[PDB]
Each structure stands twice: as structure tokens, then as C-alpha cells.
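All remarks here apply to the structure that follows.
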Amino acid sequence: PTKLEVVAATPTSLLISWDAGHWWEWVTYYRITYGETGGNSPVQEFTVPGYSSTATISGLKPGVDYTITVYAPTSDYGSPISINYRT
Amino acid sequence: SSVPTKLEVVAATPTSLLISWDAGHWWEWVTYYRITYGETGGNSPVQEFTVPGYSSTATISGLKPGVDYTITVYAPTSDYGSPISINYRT
Amino acid sequence: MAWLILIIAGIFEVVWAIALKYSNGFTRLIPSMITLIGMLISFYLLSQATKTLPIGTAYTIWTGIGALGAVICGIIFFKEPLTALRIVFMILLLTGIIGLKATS
Amino acid sequence: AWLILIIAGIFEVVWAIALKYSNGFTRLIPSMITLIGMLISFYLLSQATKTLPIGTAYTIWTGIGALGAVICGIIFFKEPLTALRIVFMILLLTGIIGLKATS
């Protein structure tokens with residue numbers, strides 16, 4: 001995928017989106033992972049089906065800089081898309 | 001009258017019923033049953049859902065208390081048997 | 001009529017067989033949906049056919065339609081070698097299918 | 001991986017017979033046996049094609065599948081045995097096996 005944008009943000013949550021491509025590029029699922037940019041504990045993650053281009057990340061510590069990575073099913077597509085964002 | 005058999009209401013409630021049936025022997029089991037239930041006076045329609053064939057029980061919810069209903073359990077086709085139906089007042 | 005159903009199931013066979021390789025590890029959405037829909041449709045039509053048709057004839061004719069369509073679409077869409085041997089094998093397959101339908 | 005392929009074909013015949021027993025995917029168990037005897041065949045074939053030439057592996061797989069469907073059909077459901085039907089079935093089976101042995 002491409003264009004990992006934080007569409008919206010409350011102090012405790014980020015609404016993100018990406019460009020799913022078109023037709024012959026839509027995969028069956030994307031995998032979103034989010035964690036404190038430079039943490040020590042397990043990162044967080046979930047997965048959305050391929051038809052959706054957005055995803056909601058919730059339950060974040062307010063004022064902390066998190067990094068979000070949206071992953072493709074395999075590596076044979078368009079490389080991981082990652083961004084940083086402080087709540 | 002092979003399948004299903006012995007359609008009975010296990011538990012009840014003003015708004016809900018728990019029904020079950022006798023699936024039969026293992027060569028009589030079907031892939032799915034379909035359950036139809038409606039106001040016995042015929043307000044107008046009948047509600048219907050489907051249940052996997054490996055389940056002998058079903059739970060019908062959202063009924064009106066005090067009203068009499070008819071609940072019927074069907075086989076996938078008519079070759080197995082006739083659909084068994086009952087009556088019950090909530 | 002059950003034969004019409006059989007031929008249509010054999011068609012969906014090749015459609016999902018080729019969309020399965022166009023889908024990667026069941027990862028591309030459009031080809032994966034095409035494969036799943038095709039598998040469900042094909043198997044359903046095959047069952048409805050075997051209800052009134054013998055299993056030994058229905059299975060092999062379904063397999064023959066599938067492999068024949070696979071080779072048709074491979075020679076046409078993948079620039080596969082159109083061997084004279086493959087032509088006569090297609091003749092054998094089609095004659096078998098049609099002769100099986102003839103003796104019903 | 002030879003016998004794993006033999007088993008991958010036997011299970012093909014298995015789900016054929018089960019599908020005929022399911023009467024349009026309505027009888028539970030023949031439908032369930034039909035479903036479970038298929039991913040067995042494909043996974044065993046993936047493990048066999050992991051070792052064996054995709055060509056010969058697929059050819060032997062589908063050959064056992066078709067011929068065994070024929071034979072077990074003329075038995076479990078008393079399917080015919082005409083001198084004509086065996087001829088056209090031989091034509092069809094050799095056609096399929098040959099078309100598969102070439103790619």
C-alpha cells in the first residue's frame with residue numbers, strides 16, 4: 001500500500017488511512033501495527049480486511065509519540081508504509 | 001416422517017423459546033435445518049432462520065409475551081420427511 | 001439437463017484453477033474472491049449433477065472439461081506449445097466426453 | 001512422496017463417492033466426508049509436488065482419481081458396464097492423462 005496518513009487524532013486514539021491501489025492491487029488484508037516510537041515492551045497490532053482503506057487505533061497514552069506501520073500480506077507488493085505521530 | 005423428530009420446547013420466556021429435536025440416526029443427519037416460527041393467529045408473516053445440521057437445538061428470540069406461536073423444523077428437501085411443527089404460548 | 005449443469009461446473013473448474021495461480025498465496029483480493037466463488041459454484045453444480053448422474057461418469061467428465069479448458073486457455077493465453085500430440089489428446093478427451101453423453 | 005500421492009488420489013475417489021452419497025450437499029457426513037477428503041488430497045499433492053515432478057505427480061493423481069471414480073461407481077451405485085461406455089471412458093481417461101503428461 002501507500003499514503004499512510006493519520007486522518008484524525010484524539011489525545012488517546014488515531015484514525016489512519018492508506019491507498020488500497022485499484023482492482024488488480026487490492027490484497028485480501030492489511031496488518032496495522034502501532035507502538036511507542038522506540039519502546040521496550042511488546043508493540044500493538046491488529047488486522048483489517050483488504051477492501052477497507054482505513055483503520056482505527058485506540059487506547060494510546062496521550063502525549064506519546066507513536067509509530068504506525070501498515071503491512072501487506074507478503075513482501076512482494078509495495079514495501080511497508082510507516083509514519084510517526086505524537087498524540 | 002423420518003427427519004426431524006420430537007420437536008420440543010426445552011426452556012421458555014415471555015420473549016424467547018429454546019427448542020430442540022431428534023436429528024435421527026447418523027445416516028439421517030442433514031447439513032442444515034431451517035426453523036420457521038410465527039404468530040399462530042397469523043398476524044401476517046413467519047420468521048425463518050437456518051441452523052447447522054450438527055446442532056439439535058435452536059433458540060428463538062424476540063417474541064411477544066402471551067401470544068401463541070407455531071414453530072416448524074424443516075429438512076433441506078422433502079425427501080427426508082415432513083416438517084414437524086408445534087404450538088406454544090408465551 | 002444435468003449434463004448442462006455438468007459442463008457449466010467444468011467451466012467454473014478452470015476459472016478457479018487459473019485464478020488460483022493469478023492469486024498469490026491466497027492474498028490478492030479479486031483473484032481470491034474469484035477462486036472462492038468459483039469453487040463454491042463448481043462444487044455445488046457438481047453435486048446437483050451427481051444426484052441424477054452416475055459418480056464415475058460425472059467426476060471424469062468434470063475433470064476432462066477442467067483439464068481441456070486448462071489446456072485451451074494455456075495454449076491461447078500463455079503461449080503454451082500447441083503440440084500436435086496435445087491436439088490429438090484434446091480430440092480423445094472431447095470424443096470421450098461426447099460419447100459418454102451419447103450413451104445416456 | 002510416492003505413497004503420499006497415491007493417498008492423495010485415493011482421497012479424491014473418497015470424496016467422489018461421498019459427494020454422490022450427499023444428495024446435493026444435503027446429507028450431513030457425506031457432505032462432511034466430501035469436504036474433508038479434498039483438502040487432504042490437495043495438501044498431500046502439494047507435499048508430493050514439493051518432491052515429485054509437478055507433471056508426473058499431477059498425472060498420476062488425476063489418473064487414479066478418474067479411474068477409481070469409474071470403478072467404485074460401478075460398485076457402490078451399481079453404475080453401468082457397457083462395452084461402449086468402457087470404450088468412451090478409456091478414450092476420456094487416456095485423453096486427460098496424456099494432456100497432463102505434456103505440460
Side-chain angles (χ1 to χ4, degrees), chain C residues 2 5 9-10 13 17 20-21 25 39-40 42-72 74-75 78 80-104, chain D residues 9 12-27 30-31 34-35 38-39 42 54 58-59 61-103:
Chain C
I5 304 175
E13 165 82 344
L20 173 61
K21 61 192 63 176
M39 281 184 61
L40 295 185
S42 179
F43 289 126
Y44 181 72
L45 301 191
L46 188 68
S47 55
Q48 301 294 325
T50 59
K51 266 200 303 222
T52 92
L53 284 167
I55 185 59
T57 289
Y59 173 86
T60 67
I61 292 206
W62 177 65
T63 285
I65 302 161
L68 176 67
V71 167
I72 294 285
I75 290 177
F78 290 77
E80 206 196 29
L82 174 65
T83 316
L85 207 232
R86 293 169 72 82
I87 298 170
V88 67
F89 278 150
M90 291 183 267
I91 300 178
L92 291 191
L93 200 160
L94 267 190
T95 301
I97 286 188
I98 297 176
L100 287 170
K101 197 205 79 173
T103 66
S104 64
Chain D
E12 206 85 339
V13 182
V14 165
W15 68 258
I17 290 302
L19 182 58
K20 185 103 173 81
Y21 272 138
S22 81
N23 206 257
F25 257 98
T26 57
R27 280 235 284 274
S31 307
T34 304
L35 290 183
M38 280 189 296
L39 72 310
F42 167 75
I54 58 166
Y58 280 43
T59 64
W61 180 56
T62 51
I64 291 191
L67 188 48
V70 174
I71 301 305
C72 299
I74 78 111
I75 292 157
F76 292 152
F77 306 94
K78 276 71 184 62
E79 293 174 6
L81 195 52
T82 319
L84 245 186
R85 187 204 165 195
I86 64 168
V87 158
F88 280 118
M89 194 71 69
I90 279 162
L91 298 203
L92 174 64
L93 296 202
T94 62
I96 300 170
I97 288 178
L99 264 191
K100 289 206 180 301
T102 54
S103 298

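Lettering of chains follows the sequences in order, A, B, ..., and the numbering in each one begins at 1.
With contacts defined as side-chain heavy-atom distances shorter than 4.5 Å, the pair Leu92(D)/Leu92(C) does not qualify.
For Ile91(C), no part lies near chain D; criterion is any non-hydrogen pair under 4.5 Å. For a residue to count as touching a neighbouring chain, one of its non-hydrogen atoms must lie under 4.5 Å from one of that chain's; by this rule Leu84(D) touches chain C with the side chain only. For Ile71(D), no part sits under 4.5 Å from any heavy atom of chain C, backbone or side chain. Contacts between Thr57(C) and chain D at a heavy-atom distance below 4.5 Å involve backbone atoms as well as side-chain atoms.
Summarising the geometry of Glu80(C) relative to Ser103(D), their closest heavy-atom pair is OE2-OG, 2.8 Å, with the distance given to 0.1 Å. When every heavy atom of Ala16(D) is checked against every heavy atom of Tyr59(C), the shortest pair comes out as CB-CD1, 4.4 Å. Scanning both residues, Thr60(C) and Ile96(D), for their nearest heavy atoms gives O-CD1, 3.7 Å. Listed here is the closest heavy atom pair of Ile55(C) and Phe77(D): CG2-CD1, 4.0 Å.
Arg85(D) and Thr103(C) are not linked by any side-chain donor-acceptor pair at a separation below 3.5 angstrom, with hydrogens and angles left out of the test.
Listed options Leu68(C), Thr52(C), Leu46(C) were ranked by heavy-atom pairs under 4.5 angstrom with chain D; first place goes to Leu46(C). Of the listed residues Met89(D), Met38(D), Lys78(D), the one with more heavy-atom pairs under 4.5 angstrom with chain C than any other is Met89(D). Comparing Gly24(D), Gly73(D), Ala101(D), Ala69(D) by heavy-atom pairs within less than 4.5 Å of chain C, the highest count is held by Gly24(D).
Around OH of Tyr21(D), the count of heavy atoms belonging to other residues, nucleotides or ligands within 6.0 Å exceeds 12.
A donor-acceptor pair under 3.5 Å links the side-chain atoms of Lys20(D) to the main chain of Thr50(C), judged by distance alone.
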